[PDB]
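> Provided herewith: protein-v7.tsv, TSV, C-alpha atoms.
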```
chain	number	residue	atom	x	y	z
A	1	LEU	CA	27.55	52.36	-0.87
A	2	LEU	CA	29.09	49.98	1.66
A	3	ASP	CA	28.85	46.59	0.00
A	4	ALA	CA	28.43	43.51	2.16
A	5	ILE	CA	28.84	44.95	5.63
A	6	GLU	CA	28.11	41.43	6.83
A	7	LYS	CA	31.68	40.41	5.95
A	8	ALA	CA	33.81	42.90	7.83
A	9	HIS	CA	35.37	42.59	11.24
A	10	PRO	CA	32.59	43.40	13.75
A	11	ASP	CA	34.88	46.12	15.03
A	12	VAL	CA	34.86	48.12	11.81
A	13	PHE	CA	31.22	49.03	12.44
A	14	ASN	CA	32.03	51.46	15.23
A	15	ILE	CA	33.28	54.13	12.87
A	16	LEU	CA	30.02	53.64	11.02
A	17	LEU	CA	27.96	54.22	14.15
A	18	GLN	CA	29.85	57.42	14.86
A	19	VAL	CA	28.87	58.36	11.31
A	20	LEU	CA	25.21	57.42	11.49
A	21	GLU	CA	24.19	59.13	14.71
A	22	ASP	CA	25.73	62.54	14.03
A	23	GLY	CA	27.01	62.45	10.47
A	24	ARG	CA	30.71	63.17	10.81
A	25	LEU	CA	34.09	61.50	10.96
A	26	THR	CA	37.44	62.78	12.07
A	27	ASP	CA	40.54	61.72	10.20
A	28	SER	CA	43.97	61.60	11.76
A	29	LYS	CA	44.79	65.11	10.56
A	30	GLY	CA	41.74	66.28	12.48
A	31	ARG	CA	39.46	67.56	9.74
A	32	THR	CA	35.96	66.67	10.90
A	33	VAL	CA	34.48	65.50	7.63
A	34	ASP	CA	30.72	66.06	7.28
A	35	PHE	CA	28.61	63.15	6.11
A	36	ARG	CA	25.36	65.05	6.56
A	37	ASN	CA	24.50	65.37	2.87
A	38	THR	CA	25.09	61.75	1.89
A	39	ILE	CA	22.50	59.09	1.19
A	40	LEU	CA	24.13	56.09	2.78
A	41	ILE	CA	23.50	52.44	1.91
A	42	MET	CA	24.63	49.07	3.27
A	43	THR	CA	23.97	45.86	1.36
A	44	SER	CA	24.37	42.67	3.39
A	45	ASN	CA	22.57	39.41	2.66
A	46	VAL	CA	22.34	37.90	6.13
A	47	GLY	CA	18.90	36.30	5.89
A	48	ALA	CA	20.15	34.20	3.00
A	49	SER	CA	18.45	31.19	4.58
A	50	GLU	CA	15.00	32.76	4.31
A	51	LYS	CA	6.06	38.73	6.46
A	52	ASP	CA	7.58	36.11	8.76
A	53	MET	CA	10.69	36.56	6.63
A	54	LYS	CA	11.08	40.02	8.15
A	55	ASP	CA	10.87	38.46	11.61
A	56	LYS	CA	13.52	35.83	11.05
A	57	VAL	CA	15.83	38.28	9.28
A	58	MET	CA	15.48	40.79	12.10
A	59	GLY	CA	16.39	38.03	14.51
A	60	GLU	CA	19.48	37.13	12.53
A	61	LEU	CA	20.38	40.81	12.48
A	62	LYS	CA	20.01	41.23	16.23
A	63	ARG	CA	22.33	38.25	16.52
A	64	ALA	CA	24.57	39.52	13.74
A	65	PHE	CA	25.90	42.63	15.46
A	66	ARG	CA	25.42	45.13	18.23
A	67	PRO	CA	22.05	46.72	19.01
A	68	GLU	CA	23.84	50.05	19.10
A	69	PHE	CA	24.72	49.67	15.44
A	70	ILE	CA	21.17	48.74	14.49
A	71	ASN	CA	19.56	51.58	16.38
A	72	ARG	CA	21.20	54.18	14.15
A	73	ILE	CA	19.42	53.27	10.94
A	74	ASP	CA	16.61	54.77	8.98
A	75	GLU	CA	15.08	51.79	7.23
A	76	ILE	CA	15.97	48.16	7.61
A	77	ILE	CA	14.80	46.81	4.26
A	78	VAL	CA	14.34	43.11	3.61
A	79	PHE	CA	14.48	42.35	-0.09
A	80	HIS	CA	12.27	39.43	-1.01
A	81	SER	CA	13.30	36.72	-3.44
A	82	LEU	CA	12.26	36.77	-7.06
A	83	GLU	CA	9.40	35.01	-8.84
A	84	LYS	CA	8.68	33.79	-12.37
B	1	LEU	CA	45.33	31.44	-11.87
B	2	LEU	CA	44.55	30.59	-8.25
B	3	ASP	CA	45.66	27.12	-7.20
B	4	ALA	CA	44.06	24.71	-4.73
B	5	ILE	CA	41.32	27.06	-3.59
B	6	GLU	CA	39.92	24.34	-1.34
B	7	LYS	CA	42.74	25.20	1.09
B	8	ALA	CA	42.49	28.99	1.22
B	9	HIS	CA	40.58	30.48	4.11
B	10	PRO	CA	37.23	31.89	2.94
B	11	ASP	CA	38.31	35.45	3.66
B	12	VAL	CA	40.47	35.27	0.55
B	13	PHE	CA	37.31	34.49	-1.37
B	14	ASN	CA	35.49	37.40	0.20
B	15	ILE	CA	38.33	39.42	-1.28
B	16	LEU	CA	37.86	37.96	-4.78
B	17	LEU	CA	34.12	38.45	-4.53
B	18	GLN	CA	34.27	42.06	-5.66
B	19	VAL	CA	36.72	41.14	-8.43
B	20	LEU	CA	34.32	38.64	-9.91
B	21	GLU	CA	31.27	40.83	-9.44
B	22	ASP	CA	32.49	44.16	-10.80
B	23	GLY	CA	35.98	43.51	-12.14
B	24	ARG	CA	37.81	46.00	-9.93
B	25	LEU	CA	40.01	45.73	-6.85
B	26	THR	CA	41.09	48.60	-4.65
B	27	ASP	CA	44.17	48.06	-2.53
B	28	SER	CA	45.48	50.26	0.23
B	29	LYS	CA	46.55	53.65	-1.07
B	30	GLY	CA	43.26	53.47	-2.97
B	31	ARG	CA	44.70	52.32	-6.28
B	32	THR	CA	41.68	50.87	-8.08
B	33	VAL	CA	42.94	48.21	-10.48
B	34	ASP	CA	40.70	46.89	-13.24
B	35	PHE	CA	40.28	43.16	-13.54
B	36	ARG	CA	37.85	43.92	-16.34
B	37	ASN	CA	40.18	42.53	-19.00
B	38	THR	CA	41.61	39.45	-17.27
B	39	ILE	CA	40.69	35.80	-17.69
B	40	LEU	CA	40.38	34.41	-14.19
B	41	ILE	CA	40.80	30.71	-13.40
B	42	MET	CA	40.55	28.85	-10.11
B	43	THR	CA	41.42	25.27	-9.31
B	44	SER	CA	40.38	22.76	-6.66
B	45	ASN	CA	39.91	19.09	-6.07
B	46	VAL	CA	36.94	19.23	-3.69
B	47	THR	CA	29.76	7.09	-18.37
B	48	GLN	CA	27.04	8.50	-16.14
B	49	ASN	CA	29.36	7.90	-13.19
B	50	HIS	CA	30.93	11.16	-14.31
B	51	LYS	CA	27.48	12.75	-14.03
B	52	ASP	CA	26.98	11.41	-10.52
B	53	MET	CA	30.41	12.66	-9.47
B	54	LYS	CA	29.47	15.97	-11.11
B	55	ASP	CA	26.39	16.52	-8.98
B	56	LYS	CA	28.30	15.14	-5.99
B	57	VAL	CA	31.06	17.73	-6.17
B	58	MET	CA	28.56	20.46	-7.03
B	59	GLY	CA	26.92	19.67	-3.71
B	60	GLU	CA	30.27	19.57	-1.94
B	61	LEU	CA	30.99	22.98	-3.45
B	62	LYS	CA	27.69	24.51	-2.35
B	63	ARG	CA	28.58	23.18	1.10
B	64	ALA	CA	32.14	24.47	0.70
B	65	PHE	CA	31.50	28.21	0.63
B	66	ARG	CA	28.79	30.80	0.26
B	67	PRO	CA	26.27	31.04	-2.58
B	68	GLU	CA	26.93	34.73	-3.17
B	69	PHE	CA	30.34	33.58	-4.35
B	70	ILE	CA	29.07	30.94	-6.75
B	71	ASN	CA	26.73	33.45	-8.36
B	72	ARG	CA	29.72	35.37	-9.64
B	73	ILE	CA	31.41	32.61	-11.63
B	74	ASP	CA	30.51	32.03	-15.26
B	75	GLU	CA	31.52	28.37	-15.40
B	76	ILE	CA	31.98	25.62	-12.85
B	77	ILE	CA	33.82	23.10	-15.00
B	78	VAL	CA	34.20	19.53	-13.74
B	79	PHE	CA	37.16	17.59	-15.13
B	80	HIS	CA	36.41	13.95	-15.84
B	81	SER	CA	38.94	11.37	-14.73
B	82	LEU	CA	41.62	10.67	-17.31
B	83	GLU	CA	40.76	7.55	-19.26
B	84	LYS	CA	43.16	4.86	-20.40
```
Can the structure in the file be given as structure tokens, please?


Amino acid sequence: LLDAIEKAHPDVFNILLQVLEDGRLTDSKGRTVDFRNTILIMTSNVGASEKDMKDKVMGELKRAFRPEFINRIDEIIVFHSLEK
Amino acid sequence: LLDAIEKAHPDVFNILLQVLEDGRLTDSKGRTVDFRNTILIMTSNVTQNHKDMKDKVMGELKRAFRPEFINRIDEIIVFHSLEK
């Protein structure tokens, strides 16, 4: 569970993209750790402003960070606000 | 006790965000320290005149930093001017 990816230096996402496409990291020692059995989640409220909601949020995402990062993703999920 | 939070750069607040939300900080080396049992106080300076000033500085606060931060805090206390 990577909380609030929105607020991390846009450079820190590149490790994540290495992870998402293939499912592995390599630490300095060299042990290629295997992420391929791990349900992975990222929770960033970027459309905080506001089905058109999906459209605007996707726009703010495309602007938020690289298309390469977005392409490795299973389901972009836009949580809708709450009601009475 | 954090003093004069109006001056700190918001990244410090994005640090405290996890503290307020879940009561735990993890520093480098991975030591997870529990803020679960700490009373946390922040400062700032950002009849019904007191009420008007109250809503005024509430608005200035909402404009100050993100809403996801304000959701964490139990009380936003406004201190009325000292009277003679």

> Compile a residue-level contact table for chain B against chain A at a cut-off of 9 Å, reporting for every qualifying residue the shortest atom pair and its distance in Å to one decimal, with only C-alpha atoms counted, rows ordered by chain and ascending number, as a tab-separated table.


```
residue	atom	partner	partner_atom	distance
B:11	CA	A:7	CA	8.6
B:14	CA	A:7	CA	7.5
B:67	CA	A:48	CA	8.9
B:68	CA	A:45	CA	8.7
```

> With C-alpha atoms retained, could you export that selection as a PDB file, keeping the file's coordinate frame?


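The resulting file, selection-v9.pdb, is shown below:
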```pdb
ATOM      1  CA  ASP B  11      38.310  35.450   3.660  1.00  0.00           C
ATOM      2  CA  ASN B  14      35.490  37.400   0.200  1.00  0.00           C
ATOM      3  CA  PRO B  67      26.270  31.040  -2.580  1.00  0.00           C
ATOM      4  CA  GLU B  68      26.930  34.730  -3.170  1.00  0.00           C
TER       5      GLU B  68
END
```

> Write out as a tab-separated table (two decimals) with C-alpha atoms, in the frame of the given file which residues come within 12 Å of segment 78-81 of chain B when counting all atoms listed in the file, dropping same-chain ones fewer than 3 positions away.


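Wrote part-v7.tsv, looks like this:
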```tsv
chain	number	residue	atom	x	y	z
B	42	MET	CA	40.55	28.85	-10.11
B	43	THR	CA	41.42	25.27	-9.31
B	44	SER	CA	40.38	22.76	-6.66
B	45	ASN	CA	39.91	19.09	-6.07
B	46	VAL	CA	36.94	19.23	-3.69
B	47	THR	CA	29.76	7.09	-18.37
B	48	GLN	CA	27.04	8.50	-16.14
B	49	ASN	CA	29.36	7.90	-13.19
B	50	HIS	CA	30.93	11.16	-14.31
B	51	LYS	CA	27.48	12.75	-14.03
B	52	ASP	CA	26.98	11.41	-10.52
B	53	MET	CA	30.41	12.66	-9.47
B	54	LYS	CA	29.47	15.97	-11.11
B	55	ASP	CA	26.39	16.52	-8.98
B	56	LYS	CA	28.30	15.14	-5.99
B	57	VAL	CA	31.06	17.73	-6.17
B	58	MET	CA	28.56	20.46	-7.03
B	61	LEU	CA	30.99	22.98	-3.45
B	75	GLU	CA	31.52	28.37	-15.40
B	84	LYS	CA	43.16	4.86	-20.40
```

> Could you check how far atom CA of residue 43 of chain A sits from atom CA of residue 5 of chain A, in Å to one decimal?

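One can read the atom CA of residue 43 of chain A to atom CA of residue 5 of chain A distance as 6.5 Å.
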
> For residue 22 of chain B, please output as number ranges by chain all residues within 10 Å (counting all atoms listed in the file; exclusion window: fewer than 2 positions along the same chain).

B: 17-20, 24-25, 34-36, 72

> Interatomic distance between atom CA of residue 16 of chain B and atom CA of residue 30 of chain B?

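We find that atom CA of residue 16 of chain B and atom CA of residue 30 of chain B lie 16.5 Å from each other.
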